[PDB]
Amino acid sequence: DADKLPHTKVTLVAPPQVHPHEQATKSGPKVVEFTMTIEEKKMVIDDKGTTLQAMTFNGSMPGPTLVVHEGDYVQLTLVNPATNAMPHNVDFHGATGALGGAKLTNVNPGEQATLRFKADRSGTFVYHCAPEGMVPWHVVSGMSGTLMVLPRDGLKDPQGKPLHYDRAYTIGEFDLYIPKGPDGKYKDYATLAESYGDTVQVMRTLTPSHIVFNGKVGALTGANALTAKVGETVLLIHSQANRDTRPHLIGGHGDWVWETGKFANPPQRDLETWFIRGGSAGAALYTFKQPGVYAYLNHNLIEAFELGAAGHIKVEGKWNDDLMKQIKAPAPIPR
Amino acid sequence: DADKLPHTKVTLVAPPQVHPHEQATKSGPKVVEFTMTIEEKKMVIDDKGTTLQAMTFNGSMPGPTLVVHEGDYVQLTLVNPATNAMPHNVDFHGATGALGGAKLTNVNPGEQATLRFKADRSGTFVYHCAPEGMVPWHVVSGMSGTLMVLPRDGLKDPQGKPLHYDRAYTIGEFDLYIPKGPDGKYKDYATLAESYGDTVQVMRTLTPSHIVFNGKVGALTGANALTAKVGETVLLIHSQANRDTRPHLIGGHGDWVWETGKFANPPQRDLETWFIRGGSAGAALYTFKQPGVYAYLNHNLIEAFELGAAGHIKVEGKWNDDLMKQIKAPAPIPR
Amino acid sequence: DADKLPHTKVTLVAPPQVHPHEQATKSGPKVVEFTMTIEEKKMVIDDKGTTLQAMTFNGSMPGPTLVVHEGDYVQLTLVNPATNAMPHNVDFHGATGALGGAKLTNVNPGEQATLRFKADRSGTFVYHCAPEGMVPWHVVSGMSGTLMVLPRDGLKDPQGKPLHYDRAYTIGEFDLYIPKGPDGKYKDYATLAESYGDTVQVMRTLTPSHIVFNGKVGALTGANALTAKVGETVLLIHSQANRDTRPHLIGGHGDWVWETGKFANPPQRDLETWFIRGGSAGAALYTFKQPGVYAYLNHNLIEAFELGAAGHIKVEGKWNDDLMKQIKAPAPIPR
Ligand SMILES: [Cu+2]
Ligand SMILES: [Cu+2]
Ligand SMILES: [Cu+2]
Ligand SMILES: [Cu+2]
Ligand SMILES: [Cu+2]
Ligand SMILES: [Cu+2]
Ligand SMILES: [Zn+2]
Ligand SMILES: [Zn+2]
Ligand SMILES: [Zn+2]
């Protein structure tokens, strides 16, 4: 039992990376220790300077991804610094009991707490803040991320054959509800508490003002695009703690996808577009076969291109004419 | 054939309970007789006294759950009392032909009819009212429920091993479209017919004013919370006849879930959040491992906490520190 | 390799039909040649004369369905006539690389191009136009359709047993965003370019004005209903390039359904309602057992009956009292 098991300490990393870890392991169960510190801050979320009175685990939207193996215990120290204004907690969907841990992690500014639970189920699971009476506001303002519980012998296909990834990326998709004033301009609030009432009103319309990957329009574009090479297998972890989304890799596929995010279930293959239910994290593997700049996006194209739910993946390597060839380039229609 | 088979008479019960029944059975096929009586009534749907000009099977939202086994015949007498104002009918998604039965059950006030069909497919299926030219209005006003067709040898896991539940609960989730007047207050209508035009306008926005379990905000909370004990397996039947939803048990899981609701298909395990397509009923099993008060809700948290799509499950038993332990309670951050 | 393979030329047909083809085949891989010509035109989309400044492949919403087999190459000549005003391209979700082909098929009016790709994955896949900076507008205005890549040995059930259809129908479901002027009437635009800004504004609300099958309210009703007979198996291909939908056959089922649309995955059986993710095509088989006029629709009933997402299937044959019988017709309630 957990008091007799070896402990290990994991250092988290900022999205869209994921901290180093093993897939299949010869290691036995451990109590894996993590720490997160809550940061409330105002963030610029689009290219015209709109701000969000935001709330984060570890300073980022999403929070960092935590990786353990089935049968490990997650032991998180949750810190709420006195520089914050609101109480916070955490609800791990991967956990069993006490509202996912929320009941045992209620921290006011200047407080901290330590929760342990058993990661007895494999998969990608959302975690998110959930203070009594303020749940949706904390979630939509940025307080969510992914716990990935890998099977002890790695991922498996529907026939039980081994699957793997060579790199992993974590994408959180955030439906935002930014209020507007009488002039039709987005409101800028001096404090987090001042944004509340107006935000609730926008939330109740069910219409996001912005839907962003990793905290801002274009977060995963340009110098910040995801990268890969031909022949590399990428795992794309996609979390949406509040609202449905439908990920698609343009010019690629989901080779093996667990859209409900639970690795004891067989994956589906060859997907064009998959579905992440609001309140869950899903996972797709894809092995790149062509070089070039791919778009990874929500395939409600309005939500992607107008509202912000789209990123890029820049892939190195040799073009393959067997998979795709320009036979005749654009030219005048023969008369 | 059906004319030669034994008949049986089932007495229905009000949601969220489900009438007594066997799971696996040594019984052969029967014609299972049911009766439902339509009631139009005005209902209070939230905590500030908003009303809905409602339409129900048997007086409740949802209608009662009807349970048979694969190969039985359902024989429903549908009664429309003269005290009602509108014609009604029923469309069983579990049935084959004549618009699910709608074409054969058109009853004006003061009329009744009796439909038989063969329940040749296992699963949870929506039934709902569907009068020509008035279909969405009758559905959104409350006229739906679940037919559960159990396999004759009970539920099975993906390996064909037996699954069971110890108790069953039926949850209907209702997207409501309550109109508002020039003062921004919800309108109160003296008759059902007077609510129609204004409701159609709100429906066409696709934005529910309220999204409730079992007919009202808080229906399944307080003295009306669902109950269980540690070690008990609960079946949660979830119907949504009009709009998608994404059920989640906070602090629990879907141990085995048929989110499309069709028991001949293997279930998925370990789900955090599952998806009920508008126009379907799904089913989840969960075995409680921790005591305490769980929330069962739509994980669009705005739809749950702002609009009403959330209930509670109060669970008796002994806490398990292996699954979850508070290691350090909330306390000042060490300086 | 592709340069050494036999070529074949397919003549496309207008939806809701699908061009003649084999299911299981003894044929080896071919380069299958297709041509499509883009047509921009103004279309009447409802029964009160509302117009859409539309954009189509081959003159129809959806574009025609293209059918090949796994291991074939699709070789499409894309023509953009000088009578069109906008540049166009095509993104095949069934293809690997260069944004699905979009990067290699950018055609201005008066130009054409020829793309080849390998159809290495079985399933129904969306194709759609995707010009840089104009993607959602081209999609929502009508520029999408289905590529069906059949397994070389036909469709298979979860046990690997053979499945087939006797006829196939292709349904595209289009979320439209028609602007309105100060009088609350739908705007009519003299050119395609004039509709742009106003349409973007409506798109950003995420609320369709109309949601139609095959380009108009009632497209698949009356003289244009789909047809079948008792004992015939129909394949219903359903594409939605932008927005989720939830198909349902009223009085029927999805006997075998691939709702993600990818034939290497086992289908689900007995579905009441299935789910097509925005940005995908799905496929259902159903064998008719009762005659009569069925409704095939999106089971958000507001989206179906108010906004237009519903069609009819008129089925010939003999009624079966075993599956369904009117026991007592509507009559006065006994006193
Ligand atoms: Cu918080
Ligand atoms: Cu949650
Ligand atoms: Cu009715
Ligand atoms: Cu229905
Ligand atoms: Cu175009
Ligand atoms: Cu696409
Ligand atoms: Zn690799
Ligand atoms: Zn039990
Ligand atoms: Zn046949």
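Per chain, numbering begins at 1; letters A, B, ... match sequence-line order. We use all heavy atoms of the structure for the numbers below, so side chains are in, but hydrogens, waters and symmetry mates are not.
B:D153 places no side-chain N or O within donor-acceptor distance of the main-chain N or O of B:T25, the cut-off being under 3.5 Å. Using a distance-only test at 3.5 Å, with no hydrogens or angles considered, no donor-acceptor pair links the side chain of B:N84 to the main chain of B:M86. Side-chain atoms of C:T233 do not come within 3.5 Å of backbone N or O of C:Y286 as any donor-acceptor pair. Using modelled atom types, one side-chain atom of C:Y169 and one backbone atom of C:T227 make a donor-acceptor pair closer than 3.5 Å. Using modelled atom types, no side-chain atom of B:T8 and backbone atom of B:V32 make a donor-acceptor pair closer than 3.5 Å. The backbone N or O of B:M148 lies less than 3.5 Å from no partner atom in the side chain of B:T146, so there is not a single donor-acceptor pair. Under the 3.5 Å distance criterion, the side-chain polar atoms of B:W137 are left unmatched by any main-chain donor or acceptor of B:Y196.
B:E259 and B:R277 are joined by a salt bridge, as a carboxylate oxygen and a charged side-chain nitrogen come within less than 4.0 angstrom of each other. Salt bridge status for B:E232 with B:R167: present, with a side-chain N to carboxylate O gap under 4.0 Å. Taking a cutoff of 4.0 Å between a charged side-chain nitrogen and a carboxylate oxygen, B:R116 and B:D3 qualify as a salt bridge. Salt bridge present: B:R152 and B:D72 bring a charged side-chain N and a carboxylate O closer than 4.0 Å. A salt bridge is absent between C:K325 and C:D322; no separation between the charged side-chain nitrogens and carboxylate oxygens falls under 4.0 Å. Under the 4.0 Å criterion applied to side-chain N and carboxylate O atoms, C:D270 and B:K262 are not assigned as salt-bridge partners. The pair B:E316-B:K314 meets the salt-bridge criterion, since a charged nitrogen lies less than 4.0 angstrom from a carboxylate oxygen.
Residue B:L52 holds its CG atom at 5.5 Å from OG of B:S141, rounded to the nearest 0.5 Å. Note that CG of B:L176 is 7.0 Å distant from NE2 of B:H210, once rounded to the nearest 0.5 Å. Separating the CG atom in B:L78 from the CG atom in B:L104 is a distance of 11.5 Å, to the nearest 0.5 Å. Here C:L220 contributes atom CG and C:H312 contributes atom NE2; the two are 9.5 Å apart, rounded to the nearest 0.5 Å. Summarising the geometry, atom CD1 belonging to B:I171 is positioned 5.0 Å from atom CG belonging to B:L236; distances are rounded to the nearest 0.5 Å. Note that NZ of B:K30 and NE2 of B:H69 are 11.5 Å apart. Values are rounded to the nearest 0.5 Å.
Checked against side-chain contact (heavy atoms from CB on, under 4.5 Å), B:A284 has the following partners two or more places apart in sequence or in another chain: B:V257, B:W274. Scanning for salt bridge (charged side-chain N to carboxylate O under 4.0 Å, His left out) contacts around B:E33 gives B:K9, with sequence neighbours left out.
Between B:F125 and B:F92, the ring centre distance reaches or exceeds 6.0 Å.
Between B:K156 and B:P162 the shortest heavy-atom distance is CD-CA, 4.2 Å. Nearest approach of B:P81 to B:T37, heavy atoms of both residues: CG-CG2, 3.5 Å.
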Donor-acceptor list for residues 292-309 of chain C side chains, cut-off 3.5 Å, not counting sequence neighbours:
{"residue": "C:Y294", "atom": "OH", "partner": "C:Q290", "partner atom": "O", "Å": "2.6"}
{"residue": "C:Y296", "atom": "OH", "partner": "C:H238", "partner atom": "ND1", "Å": "2.6"}
{"residue": "C:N298", "atom": "OD1", "partner": "C:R246", "partner atom": "NH1", "Å": "2.9"}
{"residue": "C:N298", "atom": "OD1", "partner": "C:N300", "partner atom": "N", "Å": "2.9"}
{"residue": "C:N298", "atom": "ND2", "partner": "C:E173", "partner atom": "OE2", "Å": "2.8"}
{"residue": "C:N298", "atom": "ND2", "partner": "C:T245", "partner atom": "OG1", "Å": "3.2"}
{"residue": "C:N298", "atom": "ND2", "partner": "C:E303", "partner atom": "OE1", "Å": "2.9"}
{"residue": "C:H299", "atom": "ND1", "partner": "B:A241", "partner atom": "O", "Å": "3.0"}
{"residue": "C:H299", "atom": "NE2", "partner": "B:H93", "partner atom": "NE2", "Å": "3.1"}
{"residue": "C:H299", "atom": "NE2", "partner": "B:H128", "partner atom": "NE2", "Å": "3.4"}
{"residue": "C:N300", "atom": "OD1", "partner": "C:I302", "partner atom": "N", "Å": "3.1"}
{"residue": "C:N300", "atom": "OD1", "partner": "C:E303", "partner atom": "N", "Å": "3.2"}
{"residue": "C:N300", "atom": "ND2", "partner": "B:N242", "partner atom": "O", "Å": "3.4"}
{"residue": "C:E303", "atom": "OE1", "partner": "C:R243", "partner atom": "NH1", "Å": "3.2"}
{"residue": "C:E303", "atom": "OE1", "partner": "C:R246", "partner atom": "NH1", "Å": "3.2"}
{"residue": "C:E303", "atom": "OE2", "partner": "C:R243", "partner atom": "NH1", "Å": "3.3"}
{"residue": "C:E303", "atom": "OE2", "partner": "C:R243", "partner atom": "NH2", "Å": "2.6"}
{"residue": "C:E306", "atom": "OE1", "partner": "B:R204", "partner atom": "NH1", "Å": "2.7"}

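Looking only at side-chain heavy atoms (C-beta outward), B:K41 and B:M55 stay at 4.5 Å or farther from each other.
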